[PDB]
């Protein structure tokens, strides 16, 4: 490949973490067009196919166009990374918008799922399967009332191997089709996933639920679920009929994405009481998923920070007369060497991004390099520490300031943290019971990652 990513685009801001890599807000250096770029590290992510298979799917994906599918513009590849450049959406995740509004009904759910099914139907006609369809992959085009839903990451699971790390697997077991767990699957796995999303939109509870990942997967694999919750009494029988056809265990007997669009419930509710119990259960579910995710990313960032702190200190030690002071030019070289040894960071695309990152640290801090490391490494974790407190405060819906032991079991259950391990961890931080405040919860996570 004779085309460089950094020569055409410049990083502006980090948008978040997606499947297989970080998503950066970028801008074309000539035309000024803003774009979302997913950076996939070749070291941290294995390819399921060859280079020729990936290049041909990317070429197809670039020519495809549907209003409920993300637009892919470009694709780049250097020695250690893949860069998927496409359209940026600012409306956020679909479930984050549902928890904000006070009224939600079957007319809203039908309008949501019709968009999702139009996108899936279109992508299935072009022989492209998602496999990992879940609410996080449903983004809203803009912060508007009539904001369309854009499905992201279509086709990536065919070419990139799924992560085994829980910080990347969180919230996926609820939506995965049984045939995907056993290896023989086709496009019908995306109808199952949509069916699960539809079940959560109308009730606020996953149909296959459990206290941990393996318990959820056991339920999925058995394939049995009920409509025995009181909230289903308020919902129509045609909605229940569609879910039954979408959550049909044998994929050949399961409804297609196309035939799901012609279903009576779609055509009737896109041409009625508000589900108030569903909104309260989606709000609770979203808060729980986001706090467990923030806890895992907080522990990861603390481990990444400890490794990078000690590695950067050794680089500045070898570069030092002995007094412990270094110049701006030396600090940039030592910082650039940290990326050459531990891979390029998603936030810093080129040498200019590193030069400005050192300038931002030196604004706060011949300068003491031990002081520079402390500040520079706290800026790498800033997003993970603040997101944890924000996620703890959002989860604490009644603003009591604490979370019960029952909520800790549910949070640590979704994080796959062993019950006996976290129960032993709270006794060391708080000896004398039943609940923890944010400081104690943060102290528990610090002890769970060797601190």
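In this text, the rigid core denotes the largest set of C-alpha atoms whose superposition between the two forms falls within 1.5 Å. Residue numbers count along the first chain shown, from 1.
Colleague: So which moves more in 9 other deposited structures of this protein by CA, 437-445 or 5-13, given a superposition on the core?
Modeller: When 437-445 and 5-13 are compared in 9 other deposited structures of this protein, 437-445 lies farther out.
Colleague: Comparing against the shown form in 9 other deposited structures of this protein, which stretch has the larger RMS C-alpha deviation after a rigid core superposition, 288-296 or 241-249?
Modeller: Of the two stretches, the larger average C-alpha offset in 9 other deposited structures of this protein falls on 288-296.
Colleague: Should residue 367 be counted as unmodelled in at least a third of the other PDB entries compared?
Modeller: Across the other compared entries, residue 367 is absent from at least a third.
Colleague: Among the other entries of this protein that model both neighbours of residue 144, is it absent from at least a third?
Modeller: No, residue 144 is modelled in every other compared entry.
Colleague: Unmodelled deposited residues between residue 320 and residue 321: none, 1 to 3, 4 to 9, or 10 or more?
Modeller: Missing in between: 1 to 3 residues.
Colleague: Neighbours in the displayed sequence, residue 222 and residue 223 may still hide a gap; how many deposited residues lack coordinates there, none, 1 to 3, 4 to 9, or 10 or more?
Modeller: Gap between residue 222 and residue 223: none, chain continuous.
Colleague: If you average the Cα B factors in the entry, which is higher, 421-429 or 388-396?
Modeller: Mean CA B-factor is higher for 421-429.
Colleague: Taking the mean of the C-alpha B-factors per stretch from the entry, tell me the winner out of 104-112 and 321-329.
Modeller: Between 321-329 and 104-112, it is 321-329 that shows the higher mean C-alpha B-factor.
Colleague: Among 134, 218, 143, 290, which residue carries the highest C-alpha B-factor recorded in the PDB entry?
Modeller: Answer, based on the entry's C-alpha B-factors: 143.
Colleague: Take the CA temperature factors straight from the PDB entry and tell me which of 250, 98, 151, 247 peaks.
Modeller: By C-alpha B-factor in the record, 98 ranks first.
Colleague: Split into thirds by Cα B-factor across the chain's modelled residues, where does residue 232 land: lowest, middle or highest?
Modeller: As the PDB entry reports it, the C-alpha B-factor of residue 232 lands in the highest third of its chain.
Colleague: With respect to C-alpha B-factor, does residue 155 fall in the lowest, middle or highest third of the chain as deposited?
Modeller: CA B-factor rank for residue 155: lowest third.
Colleague: Grab the CA temperature factor for residue 163 from the record and place it in the lowest, middle or highest third of its chain.
Modeller: Middle third.
Colleague: Hey, what third does residue 445 fall into on Cα B-factor, ranked over its chain?
Modeller: It belongs to the lowest third of the chain when residues are ordered by C-alpha B-factor.
Colleague: Which third, lowest, middle or highest, does the C-alpha temperature factor of residue 79 belong to within its own chain?
Modeller: Middle third.
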